[PDB]
Amino acid sequence: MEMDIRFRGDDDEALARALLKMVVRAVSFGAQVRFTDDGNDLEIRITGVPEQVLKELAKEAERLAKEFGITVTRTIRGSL
Amino acid sequence: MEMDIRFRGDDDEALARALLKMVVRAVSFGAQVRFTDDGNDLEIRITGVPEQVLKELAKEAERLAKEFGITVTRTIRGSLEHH
């Protein structure tokens, strides 16, 4: 299982602050973090932790989007 | 072959902006970019692009460091020796 987090906003500084907090939080849980492109949006790919930890990181992404005033979409990939 | 970029500074908002700019630039080249973190040591690992591209990304790291007033260091691993 992989979770992809795509932040979107109309302030790049806010996007930057959210991205940094999200990735630091993800790795603190032992997840692997990689970056790819989703059109012209940067996507954070989170892997290597159990499904329930991925779900908590999803909730974290929502909280960060609210904190910094941006939006977020989540994609869960590879479930059986 | 791999290029690792480490960011240090006092203003976390500046570090965040430099990180985002660096990642966006590397991804645009079709590079693989992985994020790692040691207490205060923000680092990205860049693979999957030619040596010259890695070299150009290293110079972009140079420019970001000056632009945002942070310290950026670089490590090359798994590279070949050239003339």
Side-chain angles (χ1 to χ4, degrees), chain A residues 1-79, chain B residues 3-49 53 56-57 60-61 63-65 67-72:
Chain A
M1 184 158 318
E2 161 179 334
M3 174 111 97
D4 295 338
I5 297 298
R6 183 168 49 255
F7 289 114
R8 272 221 277 251
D10 215 78
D11 173 33
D12 280 20
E13 195 183 68
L15 285 180
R17 295 191 294 261
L19 184 127
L20 177 60
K21 287 200 155 170
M22 182 75 253
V23 301
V24 165
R25 188 91 185 116
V27 297
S28 84
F29 295 164
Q32 309 301 124
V33 173
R34 291 170 270 185
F35 306 97
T36 61
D37 58 322
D38 186 315
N40 247 298
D41 288 314
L42 189 62
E43 162 193 299
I44 302 160
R45 298 177 60 200
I46 304 172
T47 62
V49 288
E51 176 153 18
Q52 45 272 25
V53 177
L54 290 172
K55 284 166 58 181
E56 180 48 48
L57 290 167
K59 291 217 208 297
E60 179 60 18
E62 291 299 337
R63 289 191 305 258
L64 292 172
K66 276 158 199 163
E67 178 179 343
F68 295 119
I70 57 180
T71 66
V72 66
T73 306
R74 314 96 61 98
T75 305
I76 301 164
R77 300 184 176 274
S79 62
Chain B
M3 167 83 59
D4 306 323
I5 303 293
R6 296 197 164 193
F7 305 78
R8 293 199 63 160
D10 298 344
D11 183 8
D12 300 346
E13 303 202 1
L15 280 291
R17 297 172 68 207
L19 172 72
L20 173 62
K21 273 170 180 158
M22 195 67 206
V23 171
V24 166
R25 191 64 161 254
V27 165
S28 86
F29 278 104
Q32 300 307 311
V33 183
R34 300 174 275 173
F35 177 82
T36 48
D37 189 27
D38 280 23
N40 186 253
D41 199 327
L42 305 172
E43 175 186 315
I44 60 167
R45 303 170 67 190
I46 303 168
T47 48
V49 290
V53 174
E56 164 67 38
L57 288 171
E60 176 85 22
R63 301 188 211 104
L64 290 182
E67 196 209 312
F68 291 103
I70 60 170
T71 300
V72 68

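Per chain, numbering begins at 1; letters A, B, ... match sequence-line order.
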Next item on the list: Apply salt bridge (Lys or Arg N to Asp or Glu O under 4.0 Å) to A/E62 and A/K59, showing your working.
Entry: CA-CA 5 Å; A/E62 291 299 337; A/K59 291 217 208 297; over 6 Å; no
Next item on the list: Evaluate side chain to side chain contact (heavy atoms under 4.5 Å, CB included) for B/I46 paired with B/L57, printing each intermediate quantity in order.
Entry: CA-CA 9 Å; B/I46 303 168; B/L57 288 171; 4.0 Å; yes
Margin query: Using every non-hydrogen atom in the two residues, find where A/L15 and A/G9 come nearest and quote the distance to one decimal.
Written below: CD2-N, 3.7 Å
Next item on the list: Applying side chain to side chain contact (heavy atoms under 4.5 Å, CB included), run through B/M3 and B/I5 and close with a yes or a no.
Entry: CA-CA 7 Å; B/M3 167 83 59; B/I5 303 293; 4.0 Å; yes
Check: Do B/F7 and B/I44 pass the side chain to side chain contact (heavy atoms under 4.5 Å, CB included) test, and can you show the C-alpha distance, the side-chain angles, and the key distance before you say yes or no?
Finding: CA-CA 9 Å; B/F7 305 78; B/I44 60 167; 4.2 Å; yes
Checklist line | For the student: nearest non-hydrogen atoms of B/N40 and B/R8, plus distance | finding: OD1-NH2, 3.8 Å
Next item on the list: Identify the heavy atoms of B/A16 and A/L20 that sit nearest to each other, and give their distance.
Entry: CB-CD2, 3.8 Å
Using distance only, find each side-chain donor-acceptor pair of residues 28-37 of chain A under 3.5 Å and give its atom names and separation, not counting sequence neighbours.
residue : atom : partner : partner atom : Å
A/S28   : OG   : A/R25   : O            : 2.8
A/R34   : NH2  : A/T47   : OG1          : 2.9
A/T36   : OG1  : A/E43   : OE2          : 3.2

Check: Taking only residues two or more places apart in sequence or in another chain, which ones pass salt bridge (charged side-chain N to carboxylate O under 4.0 Å, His left out) with A/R45?
Finding: A/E2
Check: Minimum heavy-atom separation for B/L64 to B/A18, with atom names?
Finding: CD1-O, 3.4 Å
Notebook entry, point to check: Between B/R63 and B/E56, is there a side-chain N and carboxylate O pair less than 4.0 Å apart?
Noted result: yes
Next item on the list: Output yes when B/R17 and B/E13 qualify as a salt bridge under the 4.0 Å nitrogen-oxygen rule, no when they do not.
Entry: no
Check: Would you say B/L42 and B/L19 make side-chain contact, with heavy atoms under 4.5 Å?
Finding: no
Item checked: Gap separating the CG atom of A/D11 from the CZ atom of A/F68, nearest 0.5 angstrom -> 11.5 Å
Note to self: Tell me the closest heavy-atom pair linking B/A61 and B/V72, and the distance in Å.
What the structure shows: O-CG1, 3.2 Å
Notebook entry, point to check: Is there a donor-acceptor pair under 3.5 Å between the side chain of B/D38 and the backbone N or O of B/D41?
Noted result: no
